[PDB]
J.: 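Could you have a look at this structure, given as structure tokens, before my questions?
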2 protein chains.
Amino acid sequence: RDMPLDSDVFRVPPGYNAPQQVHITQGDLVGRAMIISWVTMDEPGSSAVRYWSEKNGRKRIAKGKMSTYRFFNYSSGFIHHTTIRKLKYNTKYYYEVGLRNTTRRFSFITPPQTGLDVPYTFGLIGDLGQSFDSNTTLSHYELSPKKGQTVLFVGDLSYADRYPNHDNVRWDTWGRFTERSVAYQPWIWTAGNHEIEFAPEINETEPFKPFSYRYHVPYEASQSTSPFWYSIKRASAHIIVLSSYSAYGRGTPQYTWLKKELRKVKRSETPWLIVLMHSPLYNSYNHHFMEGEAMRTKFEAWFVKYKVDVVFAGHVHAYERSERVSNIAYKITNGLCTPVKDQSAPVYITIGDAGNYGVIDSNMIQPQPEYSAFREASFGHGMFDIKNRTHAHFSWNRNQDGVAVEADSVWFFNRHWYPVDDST
Amino acid sequence: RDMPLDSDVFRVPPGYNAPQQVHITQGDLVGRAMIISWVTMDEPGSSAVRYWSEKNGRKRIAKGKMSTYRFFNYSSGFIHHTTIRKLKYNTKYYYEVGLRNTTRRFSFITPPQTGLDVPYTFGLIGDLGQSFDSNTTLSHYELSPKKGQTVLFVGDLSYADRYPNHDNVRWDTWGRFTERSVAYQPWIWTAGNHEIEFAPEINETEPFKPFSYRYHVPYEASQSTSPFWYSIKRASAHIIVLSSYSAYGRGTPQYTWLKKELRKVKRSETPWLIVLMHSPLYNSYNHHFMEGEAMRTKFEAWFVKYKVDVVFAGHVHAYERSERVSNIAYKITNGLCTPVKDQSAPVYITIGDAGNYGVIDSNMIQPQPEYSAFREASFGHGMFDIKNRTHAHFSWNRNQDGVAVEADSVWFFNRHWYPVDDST
Ligand SMILES: *[C@@H]1O[C@H](CO)[C@@H](O)[C@H](O)[C@H]1NC(C)=O
Ligand SMILES: *[C@@H]1O[C@H](CO)[C@@H](O)[C@H](O)[C@H]1NC(C)=O
Ligand SMILES: *[C@@H]1O[C@H](CO)[C@@H](O)[C@H](O)[C@H]1NC(C)=O
Ligand SMILES: *[C@@H]1O[C@H](CO)[C@@H](O)[C@H](O)[C@H]1NC(C)=O
Ligand SMILES: *[C@@H]1O[C@H](CO)[C@@H](O)[C@H](O)[C@H]1NC(C)=O
Ligand SMILES: *[C@@H]1O[C@H](CO)[C@@H](O)[C@H](O)[C@H]1NC(C)=O
Ligand SMILES: *[C@H]1O[C@H](CO)[C@@H](O)[C@H](O)[C@H]1NC(C)=O
Ligand SMILES: *[C@H]1O[C@H](CO)[C@@H](O)[C@H](O)[C@H]1NC(C)=O
Ligand SMILES: [F-]
Ligand SMILES: [F-]
Ligand SMILES: [Fe+3]
Ligand SMILES: [Fe+3]
Ligand code: NA
Ligand code: NA
Ligand code: NA
Ligand code: NA
Ligand code: NA
Ligand code: NA
Ligand SMILES: [Zn+2]
Ligand SMILES: [Zn+2]
């Protein structure tokens with residue numbers, strides 16, 4: 001089901017050393033920066049990025065860094081990463097890449113300054129891959145009636161690791177394919193199990209190697225010491241990104257960072273507290289059932305204590321929306337091991353149904369558990385539309401439907417500013 | 001309670017560039033190799049080690065590597081690691097270090113070839129530290145009527161991380177302190193939370209940095225890609241070392257390694273399957289209560305399926321021995337969350353009461369849970385004395401009793417060669 005190499009979506013842009021696989025993401029904590037990334041295949045080229053606003057058309061230049069890597073018998077092209085800083089809020093900018101030779105121009109609109117009642121619409125995509133279904137999902141995100149301004153990617157990008165020797169060529173195709181979206185609006189990356197790429201058989205033992213080279217994140221901005229876990233603030237949301245396949249035992253770097261980070265969250269500045277992770281803590285599907293238990297025992301109580309609004313995960317190739325529940329009262333022998341309704345707990349949503357390599361997870365645990373509000377084995381994507389400090393409307397759009405149809409939609413009542421029961 | 005710097009046990013060996021902090025560990029998979037480690041403070045010196053059999057007085061030389069590191073404003077002396085290989089079984093060997101200038105001689109006895117009924121006695125020490133209690137525990141072990149032939153260290157070594165800026169000098173003192181034992185018999189290293197040393201405040205973001213530089217392990221011998229988890233075979237035991245503070249999520253390096261390692265175990269060759277980890281999966285004490293839950297969800301079922309004989313851990317500053325139980329039938333809503341008797345399960349023992357910095361954990365969950373067979377808050381060490389392929393004798397010696405007293409002692413009946421109920 002994977003799209004052939006000659007497909008139009010994997011078309012290489014014309015012109016000598018023409019920049020390709022162009023993508024961007026927030027480059028600082030508050031939204032005044034952006035990391036611009038792209039690859040050149042003919043030669044190193046320049047890492048300089050020329051930019052300017054639509055209004056204050058003063059053209060400026062930012063220098064970046066170039067790098068390369070090798071996997072098996074695969075050798076990458078020239079990967080460029082450049083950060084544009086001190087940008088003005090809510091203003092459109094134009095940026096050009098490939099100044100040395102063939103130049104290409106794109107644009108993006110910085111988010112508005114963070115604040116209590118700042119509206120913003122987040123796209124939710126997980127386990128995209130590069131199958132025909134992946135193309136449909138992405139198209140639906142773009143043609144969505146509601147204008148998505150940033151994508152929160154829950155993990156599992158290209159699925160190159162399914163090819164022989166993980167044929168990283170499939171990483172480059174994925175970059176050209178998603179360019180039509182990521183180059184114009186930021187995607188906040190989460191690391192999934194397909195990015196680990198631990199392959200001892202072929203002497204490739206550095207976890208997340210290809211992914212980490214191709215996709216950078218502003219982790220130092222939140223005092224994290226690893227790109228696999230970090231935080232950013234955008235508009236009225238505080239987004240926390242975690243790594244399911246990194247150490248999370250007590251005292252470990254990720255564990256320690258998260259504990260301190262939850263303490264720095266200010267619901268007065270960013271009322272919507274969102275958490276991303278690849279593997280779902282709540283999942284009633286057969287596939288990967290209970291794989292989220294470990295991390296759950298570790299962080300669930302914290303999510304409840306700090307009343308996180310939502311937790312988005314992927315991994316399971318389907319869709320699921322839980323009720324607000326918790327299972328934090330277990331003590332080995334007290335028998336309290338059943339999830340109970342907890343209005344202080346976040347809703348857990350799994351949206352790893354963007355397409356992957358074309359397979360869907362339909363085998364579900366039966367009967368549907370009480371903690372599971374809604375579930376369905378269809379390809380699709382989601383949208384978290386923040387209206388204000390009290391309301392956020394989440395909707396799920398299926399690939400079999402019209403780009404404007406919402407097979408499932410719910411209103412989120414902020415755990416901090418609107419303590420009302422938003423159950424369905 | 002930590003012993004003062006001028007303590008006799010921290011004395012520095014005389015002579016220019018005299019080798020100090022000498023220690024050894026198995027250097028291969030089966031026991032025909034040994035890693036010799038030591039530090040020189042006055043100058044780099046030579047990494048060559050001269051060794052010879054007590055029988056075959058032929059003196060040979062093994063070349064090694066030297067390294068150094070810095071923590072904060074601390075600069076280490078010169079660290080040497082040299083592996084002596086192709087040794088003969090069950091034979092006494094003499095080795096000398098510091099050949100360049102001041103030389104020091106020591107010895108060790110290679111274990112006998114691996115076999116079904118090969119007897120061997122392993123000492124168990126966890127969370128030693130360097131307080132006076134630490135000195136007492138080490139004394140008892142050296143004076144044990146039953147001589148220990150190899151120590152299985154279950155994590156938390158020097159506790160230097162408790163000093164300002166983790167004053168790494170406390171790593172050097174611990175090195176001299178433990179020498180009187182580790183330089184003659186190998187100690188099998190397990191990494192605990194005090195080795196993590198994650199200190200972002202002073203730009204020390206590399207987990208296990210000091211520990212990984214000072215203590216090496218033959219991790220590649222078992223095809224592991226990290227020194228924090230590995231396996232070795234000694235006599236009639238197959239030992240698996242795990243990292244409580246490394247990633248263990250499905251698909252991670254450690255997770256994958258263990259899954260395959262277990263498949264390579266051969267009970268027809270090494271009948272005793274022993275697992276070491278720092279954080280206990282079963283712990284009825286208040287301190288660190290339920291910290292091992294995450295790893296348990298991940299590996300408990302594997303331990304039961306492969307019928308591990310024993311699992312040793314530390315972390316809790318006390319002693320505990322559990323019944324053979326398993327808590328692997330939980331499915332979120334089926335209500336099966338109570339540990340039950342399971343003869344396929346290993347016994348879980350907490351033995352992190354070697355002394356640490358002089359504090360003991362006496363507060364425990366009341367009443368004592370069914371899964372807990374024996375628990376007591378006293379400083380001490382354990383002894384796992386393997387007799388045959390079918391019998392092994394474990395004993396716990398407290399620091400307040402005579403060196404040959406056994407406050408707790410039980411016979412272990414091999415899960416593969418003598419599966420009889422050994423409850424207490
Ligand atoms: C890597 O090896 C495969 C076959 O093992 C081969 O088809 C492929 O072309 C090699 N990669 C390159 C581009 O050298
Ligand atoms: C492409 O750009 C590089 C930038 O240094 C330059 O050296 C090279 O001459 C250019 N190629 C041509 C001749 O078009
Ligand atoms: C992918 O979808 C886009 C937009 O709908 C379309 O233009 C393109 O032809 C599709 N490519 C493939 C290979 O289906
Ligand atoms: C937030 O927006 C919703 C519209 O979706 C509206 O009904 C609600 O009254 C607003 N709440 C506040 C705090 O103004
Ligand atoms: C290291 O720095 C500390 C202050 O943080 C100071 O008290 C100590 O004397 C210094 N020691 C060394 C090794 O210079
Ligand atoms: C000490 O040994 C080193 C290592 O070979 C040598 O370079 C140096 O000259 C020696 N000095 C003394 C005091 O023996
Ligand atoms: C502890 O170690 C041995 C115990 O036999 C003894 O020789 C030594 O003096 C003691 N050291 C300290 C400082 O307690
Ligand atoms: C080993 O010794 C124990 C106790 O002496 C005995 O009960 C057991 O049967 C023996 N096992 C073998 C295989 O010799
Ligand atoms: F997946
Ligand atoms: F500890
Ligand atoms: Fe996936
Ligand atoms: Fe300890
Ligand atoms: Na799978
Ligand atoms: Na699977
Ligand atoms: Na998968
Ligand atoms: Na504590
Ligand atoms: Na503590
Ligand atoms: Na501790
Ligand atoms: Zn996944
Ligand atoms: Zn510990």
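In what follows, chains carry the letters A, B, and so on, assigned in the order in which the sequence lines appear, proteins first and then strands, with residues in each chain numbered from 1.
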J.: Is any side-chain heavy atom of B:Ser37 closer than 4.5 Å to a side-chain heavy atom of B:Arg214?
T.: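 Counting from C-beta outward, B:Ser37 and B:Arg214 never come under 4.5 Å.
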J.: Check the pair B:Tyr230, B:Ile188 against side-chain contact (heavy atoms from CB on, under 4.5 Å), reporting the backbone distance first and the verdict last.
T.: CA-CA 10 Å; B:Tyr230 61 96; B:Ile188 314 307; 3.4 Å; yes
J.: Between B:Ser212 and B:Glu206, which heavy-atom pair has the shortest distance, and what is it?
T.: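 Result for this residue pair: OG-OE2, 4.4 Å.
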J.: Does a donor on one side chain and an acceptor on the other come within less than 3.5 Å for A:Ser284 and A:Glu320?
T.: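 Yes, side-chain donor-acceptor contact under 3.5 Å.
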J.: Taking the side chain as every heavy atom from C-beta outward, state whether A:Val151 and A:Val182 have any atom pair closer than 4.5 Å.
T.: no
J.: Within the side chain of B:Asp309, is there an N or O that forms a donor-acceptor pair under 3.5 Å with the backbone of B:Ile274?
T.: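 No, because the side chain of B:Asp309 does not come within donor-acceptor range (under 3.5 Å) of the backbone of B:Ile274.
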J.: Restricting to non-hydrogen atoms, name the atom on B:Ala191 and the atom on B:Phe211 that form the minimum distance, rounded to 0.1 Å.
T.: CB-CE2, 3.8 Å
J.: State, yes or no, whether a side-chain contact exists between B:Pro280 and B:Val316 at a heavy-atom distance under 4.5 Å.
T.: yes
J.: Strictly by modelled atom types, are B:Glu261 and B:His238 linked by a side-chain donor-acceptor pair under 3.5 Å?
T.: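 Per modelled atom types, B:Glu261 and B:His238 side chains form a pair under 3.5 Å.
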J.: Given 3.5 Å as the limit, does a donor-acceptor pair link the side chain of B:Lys209 with the main chain of B:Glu195, or not?
T.: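 Side chain of B:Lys209 to backbone of B:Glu195: no pair is present.
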J.: Please answer whether the main-chain N or O of B:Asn193 pairs with a side-chain N or O of B:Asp156 as donor and acceptor at a distance below 3.5 Å.
T.: yes
J.: Mark yes or no for whether B:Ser224, through its side chain, and B:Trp229, through its backbone, hold a donor-acceptor pair below 3.5 Å.
T.: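 Side chain of B:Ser224 to backbone of B:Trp229: a pair is present.
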J.: So among B:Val311, B:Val310, B:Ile328, which one has a side-chain contact (heavy atoms from CB on, under 4.5 Å) with B:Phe303?
T.: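 That would be B:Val311; it is the only one of B:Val311, B:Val310, B:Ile328 passing the side-chain contact (heavy atoms from CB on, under 4.5 Å) with B:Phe303.
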J.: For a quick test of reading the model, state the closest non-hydrogen atom pair linking A:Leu281 to A:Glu293 and the distance between them.
T.: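 That would be O-OE2, 4.1 Å.
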J.: Are A:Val325 and A:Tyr282 close enough that some pair of their side-chain heavy atoms sits under 4.5 Å apart?
T.: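 Heavy-atom side-chain distance check passes, below 4.5 Å.
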J.: Assess, by modelled atom type and distance only, whether the side chains of B:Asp127 and B:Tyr159 contain a donor and an acceptor separated by less than 3.5 Å.
T.: yes
J.: Run the side-chain contact (heavy atoms from CB on, under 4.5 Å) test on B:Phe208 and B:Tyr245 for me, step by step, so that the C-alpha distance in whole Å, both residues' side-chain angles and the decisive distance to 0.1 Å come before the verdict.
T.: CA-CA 10 Å; B:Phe208 309 114; B:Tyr245 310 102; 4.0 Å; yes
J.: State whether the side chain of A:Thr350 and the backbone N or O of A:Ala313 hold a donor-acceptor pair below 3.5 Å, judged by distance alone.
T.: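 No.
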J.: Looking at OG1 of A:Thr25 and CD1 of A:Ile232, how far apart are the two atoms once the value is rounded to the nearest 0.5 Å?
T.: 6.5 Å
J.: Check whether any side-chain N or O of A:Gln254 sits under 3.5 Å from a backbone N or O of A:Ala247 as a donor-acceptor pair, and report yes or no.
T.: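 Between the backbone of A:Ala247 and the side chain of A:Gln254 there is a qualifying donor-acceptor contact (under 3.5 Å).
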J.: Quickly, which of A:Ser244, A:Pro207, A:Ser246 forms a side-chain contact (heavy atoms from CB on, under 4.5 Å) with A:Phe228? Name it, please.
T.: A:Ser246
J.: Calculate, to the nearest 0.5 Å, the distance between atoms OG and CD1 belonging to B:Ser243 and B:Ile196 respectively.
T.: 8.0 Å
J.: Before giving the answer on side-chain contact (heavy atoms from CB on, under 4.5 Å), spell out for A:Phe299 and A:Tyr248 the whole-Å C-alpha distance, their side-chain angles and the decisive distance to 0.1 Å.
T.: CA-CA 9 Å; A:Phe299 305 143; A:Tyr248 47 71; 4.0 Å; yes
J.: Verify the distance criterion only: is there a donor paired with an acceptor across the side chains of A:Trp171 and A:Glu197 at less than 3.5 Å?
T.: yes
J.: Can you tell me how far the NZ atom of B:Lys331 sits from the SG atom of B:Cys337, to the nearest 0.5 Å?
T.: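 Rounded to the nearest 0.5 Å, the NZ-SG separation comes to 13.5 Å.
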J.: Is a donor from one side chain sitting under 3.5 angstrom from an acceptor on the other, for B:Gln223 and B:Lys260?
T.: no
J.: Under the 3.5 angstrom rule, does the side chain of A:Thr205 hit a backbone N or O of A:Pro200 as a donor-acceptor pair?
T.: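 Flag not set: sc A:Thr205 to bb A:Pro200 has no pair under 3.5 Å.
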J.: Describe, in one word, how the ring planes of B:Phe153 and B:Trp174 are oriented to each other, choosing from parallel (under 30°), tilted (30 to 60°) and perpendicular (over 60°).
T.: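 Geometry flag for B:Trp174 against B:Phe153: perpendicular rings.
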J.: Between B:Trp257 and A:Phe198, is the gap from one ring center to the other below 6.0 Å?
T.: no
J.: Go through A:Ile332 and B:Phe289 one step at a time and tell me if the side-chain contact (heavy atoms from CB on, under 4.5 Å) criterion holds.
T.: CA-CA 10 Å; A:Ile332 311 302; B:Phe289 180 51; 3.9 Å; yes
J.: Counting distance only, does the side-chain N/O of A:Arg296 pair as donor-acceptor with the main-chain N or O of A:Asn327 below 3.5 Å?
T.: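 Yes; at least one donor-acceptor contact below 3.5 Å.
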J.: What's the shortest heavy-atom distance between A:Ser279 and A:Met277, and which atoms?
T.: O-SD, 3.3 Å
J.: Assess whether atom CG of A:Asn203 is packed by more than 12 heavy atoms of other residues, nucleotides or ligands within 6.0 Å.
T.: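 At most 12 heavy atoms, drawn from other residues, nucleotides or ligands, come within 6.0 Å of this atom.
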J.: Rounded to the nearest 0.5 Å, what separates atom CG in A:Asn356 from atom CG in A:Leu157?
T.: 12.5 Å
J.: To the nearest 0.5 angstrom, please state how far the CG atom of A:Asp167 sits from the CG atom of A:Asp172.
T.: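 Spacing of CG (A:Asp167) from CG (A:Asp172) equals 9.0 Å.
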J.: Going by atom types alone, do B:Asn168 and B:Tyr213 pair a side-chain donor with an acceptor below 3.5 Å?
T.: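 Side-chain D/A pair, B:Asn168 to B:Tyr213: absent.
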J.: Check whether any side-chain heavy atom of A:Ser231 sits under 4.5 Å from a side-chain heavy atom of A:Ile239, and report yes or no.
T.: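 Of all side-chain heavy-atom pairs linking A:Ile239 with A:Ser231, none is under 4.5 Å.
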J.: Please answer whether the main-chain N or O of A:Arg70 pairs with a side-chain N or O of A:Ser76 as donor and acceptor at a distance below 3.5 Å.
T.: no
J.: Is any side-chain heavy atom of B:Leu276 less than 4.5 Å from a side-chain heavy atom of B:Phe312?
T.: yes
J.: Looking just at side-chain N and O atoms, do A:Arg263 and A:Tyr306 make a donor-acceptor pair shorter than 3.5 Å?
T.: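 Their side chains do contain a donor-acceptor pair, which is all the 3.5 Å distance test asks for.
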J.: Do A:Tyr330 and A:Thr297 have side chains that get closer than 4.5 Å, going by heavy atoms?
T.: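 Answer no - side chains too far apart.
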J.: With respect to B:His315, which candidate in B:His194, B:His287, B:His288 satisfies the side chain to side chain donor-acceptor pair (under 3.5 Å) definition?
T.: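 When side chain to side chain donor-acceptor pair (under 3.5 Å) is applied between B:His315 and each of B:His194, B:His287, B:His288, only B:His288 qualifies.
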J.: To check you understand the geometry: which heavy-atom pair defines the closest contact between A:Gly249 and A:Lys298, and what is its length?
T.: CA-CE, 3.8 Å
J.: Testing the basics here: between A:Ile35 and A:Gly27, what is the closest heavy-atom pair and its distance to 0.1 Å?
T.: CG1-CA, 3.7 Å
J.: Tell me if a side-chain donor or acceptor on B:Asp361 pairs with a main-chain N or O of B:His317 at a distance below 3.5 Å.
T.: yes
J.: Side chains of A:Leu124 and A:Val154, heavy atoms from C-beta outward: is any pair under 4.5 Å?
T.: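 No. Closest side-chain heavy atoms not under 4.5 Å.
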J.: Aromatic contact between A:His23 and A:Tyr215, with the criterion being ring centroids under 6.0 Å apart: yes or no?
T.: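 Ring centroids of A:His23 and A:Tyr215 are less than 6.0 Å from each other.
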J.: With rounding to the nearest 0.5 angstrom, report the OH to CD1 distance, B:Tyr69 to B:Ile79.
T.: 6.0 Å
